[PDB]
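One chain follows as structure tokens, the form deposited in one PDB entry.
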């Protein structure tokens, strides 16, 4: 900051100087008519150069020198420490004519130096450092810098019908732990010279994205900037001072919101009561609002939310028994209305649930929805149609939080699609760079019908499980050749089950073969996208046998329990029970799925839906580089 302050003909000029800046001071134009030259005195804690065509030259407090008056002779004026005294520091210029050695006129400059700094934790260690030089920018990576702000989308006080950030009020001191600290630090005399004040302010635009709070009697919580509050005039305390504000995020990154917000402080000069003139100093901090992040299946489970809204014991017992052999909780009352994720800042973080188009909205449990407006919901809006990969590297790039996957239709198909308003939210989060797959070939239309990830438990590595109809046909032709043709299929369930569906019955159904050829085609289309977009190879993929029937819409609905659609609890796999053609003790499908999976570390339990909240990534999203 080089800033202009001219001397004024015949006058003394009072100026505030902010430490960190430079004054350039015209002396020429204040000079009386007929002067040819000037000297100057200045005070101890004011540094003063003279400057002609770029050539600097320090000058003594005391010296008696005279120079030639000229528009290209100017001063540069700096100060090193704040004033304890309103003025005291000063620069005084004497002007002189051809003859005499007494000055003909003089002009002066009376400085009050102050320090003003609006400070944030741009280096991201949870401590509000002093005037971080990067605090007005935001960069990615471990070298990156720039403060981080959470959306205050949880709830501290449960009598509130909505989340914290929905009001312009802080009710509990609990709340402030979710907030980001911003410190106005000042250093100067017992007061400001007359005509100055300090204003914090925000833009109209940012006014619905931030809320700023002052804690009085640090007690009451003063809402100073935010909705319908674009500025706030700050009472200066003299001496070395610090004001503490707490900042809450209100809106997630989204369509038309990068997630970056600014807050400013200005030293504003006034002419009277009212009559604002111009700022003489401005300081600015940047915040990025933390994205919502989804949790893939490789990440350790913390709790498993079931909800059979009926009378289940054996679904409750095989899901309870599985959960027990893990660290984690059960949590009864699902997969289609709710997606678990989190938000993190260096100070703080907590789980947030995306709610599909309220209920778990608690302390340290946050909440977002996105609401269509014109576009109608379909089946593809259900969060069974929303999954996320493990960490992957795709051709050099790294995706340390994985990628979101959403089922879709082809763009010129007229098919179903998840609402744009949810699609836009998810891409706007950036850090899980979403991928559209093709799920609309399915009656229901969900990615979780045909793929799943499982961690290989020694690693540190995962596998893509894919449904495969061709795998199924290969298996049946073996069984039937093994003499199990007349072995009956799907004897178990108590609605639509088996009127002697045998393998033979199936294998000789030519119509159903062709449908399943079309479906294998839909599957291979997805396989090619997943391989490309998660940088996978055939090494990384296991095809689980699967069979569909083609409904009236030309869409697949499962023939028997889709086994890829499982609960992944670390090493325990909760895998739907197929009920299929036997050979002895157990099923030849169950034994086949046990065949592929168990030799890798994976411990399959077959269950006759759920949802699992998981540990965050250790990996900090700000260290990424999207």
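Numbering follows the first chain given and starts at 1. So that the term is clear: the rigid core is the largest set of C-alpha atoms that superpose within 1.5 Å between two forms.
The records show that residue 374 is omitted from the coordinate set of at least a third of the other eligible entries of this protein. Residue-level annotation: residue 358 lacks coordinates in a third or more of the other entries compared, counting only those that model residues on either side of it. Going from residue 608 to residue 609, the model skips 10 or more deposited residues, which lack coordinates.
According to the record, the deposited sequence contains 1 to 3 residues between residue 218 and residue 219 that were left without coordinates. As the entry records it, the average C-alpha temperature factor is higher for 502-510, out of 502-510 and 112-120. As the entry records it, the average C-alpha temperature factor is higher for 512-520, out of 512-520 and 402-410.
Within the selection 90, 532, 554, 484, the deposited Cα B-factor values reach their highest point at 484. Looking only at 311, 440, 424, 449, the residue with the top Cα B factor in the deposited structure is 311.
Sort the modelled residues of the chain by CA B factor and residue 370 lands in the middle third. When the CA B factors of the chain's modelled residues are split into thirds, the value for residue 236 lands in the middle one. Residue 473 sits in the middle third of its chain by CA B factor, as recorded in the PDB entry. The entry lists a Cα temperature factor for residue 131 that places it in the lowest third of the chain's modelled residues. Residue 95: CA B factor in the middle third of modelled residues in this chain (values from the PDB entry).
One more form of this protein should be noted, the form deposited in another entry, which is absent from this view; the next part is about it.
Annotation: the position in 535, 300, 126, 492 displaced by at least 2 Å at CA between this form and the one not shown, with the core superposed, corresponds to 492. If you fit the rigid core between this form and the one not shown, you'll see the Cα of residue 274 move by 2 angstroms or more.
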